[PDB]
Amino acid sequence: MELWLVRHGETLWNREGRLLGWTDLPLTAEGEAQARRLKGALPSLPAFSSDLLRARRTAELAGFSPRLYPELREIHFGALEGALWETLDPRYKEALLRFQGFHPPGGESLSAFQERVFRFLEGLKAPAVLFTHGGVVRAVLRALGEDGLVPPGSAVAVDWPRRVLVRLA
């Protein structure tokens, strides 16, 4: 099943090293510009989007009218929302980097987060474009055995649940 995963553009925290999960931050001006550059480049397939502003705005500027689904949200960082990555306790830092054994205090466990992401993908009946977040893209790419680092405002097409098809930046 061909699925396009679009990581939303830049927000202030994405450029200042701060964890951004459920905090509803808007895209910066460049973040909006990154979204507009996607219009015409992404296939005009049915679109779904996280209900967070930054994702919805990316979908809109990319020329799509997505159906909103909370299951596509970034992981909730709870007490670590906005947390300065620099002073972030090594325990959480190491956990996020390895992508396991991570449950930000007050937020969602990585296991719960990944379960809702993969469950959402299972409900898709045809190719679609998903306006989502870095954590979501990473979870999907890691499951396929590949690096989940994709530039903000870029997209990766995958043939779920087998391999990566193409990385559009």
# chains A, B, ... in the order shown; residues from 1 in each chain; ligands from 1
>>> closest_atom_pairs(of="region 90-137 of chain A", to="region 2-7 of chain A", cutoff="6 Å", atoms="only C-alpha atoms", output="Markdown table")
| residue | atom | partner | partner_atom | distance |
| --- | --- | --- | --- | --- |
| A:127 | CA | A:2 | CA | 4.9 |
| A:128 | CA | A:3 | CA | 5.3 |
| A:129 | CA | A:4 | CA | 4.6 |
| A:130 | CA | A:5 | CA | 5.0 |
| A:131 | CA | A:6 | CA | 4.9 |
| A:132 | CA | A:7 | CA | 5.4 |
| A:133 | CA | A:7 | CA | 4.9 |
| A:134 | CA | A:7 | CA | 5.6 |
>>> closest_residue(among="A:65, A:23, A:87, A:58", to="residue 35 (chain A)", atoms="only C-alpha atoms")
A:58
>>> closest_residue(among="A:47, A:27, A:20, A:52", to="residue 79 (chain A)", atoms="only C-alpha atoms")
A:20
>>> closest_residue(among="A:104, A:164, A:114, A:26", to="residue 88 (chain A)", atoms="only C-alpha atoms")
A:104
>>> select_by_dssp(residues="chain A", states="alpha helix (DSSP H)", output="PyMOL selection string")
chain A and resi 12-15+29-36+53-61+90-98+110-122+134-143
>>> write_last_selection(atoms="C-alpha atoms", output="tab-separated table (two decimals), in the first residue's frame")
chain	number	residue	atom	x	y	z
A	12	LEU	CA	10.21	27.74	16.21
A	13	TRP	CA	11.06	24.78	18.47
A	14	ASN	CA	12.18	22.62	15.54
A	15	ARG	CA	14.96	25.12	14.90
A	29	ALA	CA	7.22	31.73	7.84
A	30	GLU	CA	9.82	29.35	6.39
A	31	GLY	CA	7.74	26.41	7.61
A	32	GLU	CA	4.87	27.76	5.51
A	33	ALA	CA	7.21	28.21	2.54
A	34	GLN	CA	8.32	24.59	2.87
A	35	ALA	CA	4.68	23.54	2.81
A	36	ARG	CA	3.92	25.57	-0.32
A	53	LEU	CA	-2.24	23.25	13.63
A	54	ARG	CA	1.23	22.80	12.13
A	55	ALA	CA	0.14	19.67	10.27
A	56	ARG	CA	-3.24	21.02	9.16
A	57	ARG	CA	-1.58	24.19	7.88
A	58	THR	CA	1.01	22.15	5.99
A	59	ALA	CA	-1.77	20.14	4.33
A	60	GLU	CA	-3.64	23.32	3.40
A	61	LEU	CA	-0.62	25.07	1.87
A	90	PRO	CA	20.44	11.73	29.76
A	91	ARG	CA	17.94	8.99	30.60
A	92	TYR	CA	15.26	10.50	28.36
A	93	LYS	CA	17.79	11.68	25.80
A	94	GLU	CA	19.30	8.21	25.35
A	95	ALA	CA	15.83	6.64	25.25
A	96	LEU	CA	14.56	8.91	22.48
A	97	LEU	CA	17.69	8.45	20.38
A	98	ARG	CA	17.40	4.65	20.55
A	110	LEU	CA	6.52	5.08	23.02
A	111	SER	CA	4.70	1.74	22.91
A	112	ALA	CA	1.28	3.43	23.09
A	113	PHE	CA	2.38	5.99	20.52
A	114	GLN	CA	3.62	3.42	18.04
A	115	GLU	CA	0.54	1.26	18.50
A	116	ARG	CA	-1.84	4.08	17.55
A	117	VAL	CA	0.34	5.04	14.57
A	118	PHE	CA	0.53	1.54	13.12
A	119	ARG	CA	-3.13	0.85	13.91
A	120	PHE	CA	-4.11	3.97	11.96
A	121	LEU	CA	-2.12	2.74	8.96
A	122	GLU	CA	-3.97	-0.59	9.09
A	134	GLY	CA	8.65	13.54	12.72
A	135	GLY	CA	7.98	10.98	15.43
A	136	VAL	CA	5.38	9.29	13.25
A	137	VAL	CA	7.64	9.20	10.19
A	138	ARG	CA	10.48	7.84	12.32
A	139	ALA	CA	8.33	5.07	13.80
A	140	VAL	CA	7.27	3.93	10.35
A	141	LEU	CA	10.76	4.07	8.84
A	142	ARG	CA	12.31	2.24	11.80
A	143	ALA	CA	9.73	-0.53	11.53
>>> closest_residue(among="A:22, A:63, A:72, A:50", to="residue 106 (chain A)", atoms="only C-alpha atoms")
A:22
>>> residues_around(residues="residue 151 (chain A)", least_positions_apart="4", cutoff="10 Å", atoms="only C-alpha atoms", output="PyMOL selection string")
chain A and resi 6-10+134+155-156+167-169
>>> atom_distance(atom1="CA of residue 153 (chain A)", atom2="CA of residue 108 (chain A)")
24.3 Å
>>> atom_distance(atom1="CA of residue 85 (chain A)", atom2="CA of residue 19 (chain A)")
6.7 Å
>>> atom_distance(atom1="CA of residue 109 (chain A)", atom2="CA of residue 159 (chain A)")
26.4 Å
>>> closest_residue(among="A:83, A:25, A:126, A:62", to="residue 40 (chain A)", atoms="only C-alpha atoms")
A:62
>>> select_by_dssp(residues="chain A", states="strand (DSSP E)", output="ChimeraX atom specification")
/A:2-7,47-49,67-68,128-132,155-159,163-168
>>> write_last_selection(atoms="C-alpha atoms", output="mmCIF file, in the first residue's frame")
data_model
loop_
_atom_site.group_PDB
_atom_site.id
_atom_site.type_symbol
_atom_site.label_atom_id
_atom_site.label_comp_id
_atom_site.auth_asym_id
_atom_site.auth_seq_id
_atom_site.Cartn_x
_atom_site.Cartn_y
_atom_site.Cartn_z
ATOM 1 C CA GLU A 2 1.592 3.244 -1.188
ATOM 2 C CA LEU A 3 1.509 5.809 1.603
ATOM 3 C CA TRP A 4 3.101 9.241 1.573
ATOM 4 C CA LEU A 5 4.265 10.466 4.960
ATOM 5 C CA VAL A 6 4.751 14.228 5.055
ATOM 6 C CA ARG A 7 6.652 15.767 7.955
ATOM 7 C CA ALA A 47 -5.317 13.187 2.374
ATOM 8 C CA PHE A 48 -5.392 12.621 6.125
ATOM 9 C CA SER A 49 -3.847 14.881 8.731
ATOM 10 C CA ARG A 67 -9.668 14.488 6.989
ATOM 11 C CA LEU A 68 -8.466 15.185 10.539
ATOM 12 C CA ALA A 128 -3.096 8.301 0.671
ATOM 13 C CA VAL A 129 -1.051 11.314 1.734
ATOM 14 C CA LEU A 130 -0.556 11.658 5.488
ATOM 15 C CA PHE A 131 0.310 15.075 6.900
ATOM 16 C CA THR A 132 1.955 14.188 10.147
ATOM 17 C CA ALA A 155 8.047 13.582 2.511
ATOM 18 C CA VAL A 156 8.790 9.912 2.097
ATOM 19 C CA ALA A 157 6.688 7.437 0.165
ATOM 20 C CA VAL A 158 6.589 3.920 1.525
ATOM 21 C CA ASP A 159 5.074 0.700 0.308
ATOM 22 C CA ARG A 163 9.993 -0.852 2.164
ATOM 23 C CA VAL A 164 10.687 2.794 1.405
ATOM 24 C CA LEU A 165 9.853 3.747 -2.186
ATOM 25 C CA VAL A 166 11.210 7.268 -2.486
ATOM 26 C CA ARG A 167 12.331 10.159 -0.298
ATOM 27 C CA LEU A 168 11.188 13.545 -1.561
#
>>> closest_residue(among="A:162, A:21, A:147, A:44", to="residue 80 (chain A)", atoms="only C-alpha atoms")
A:21
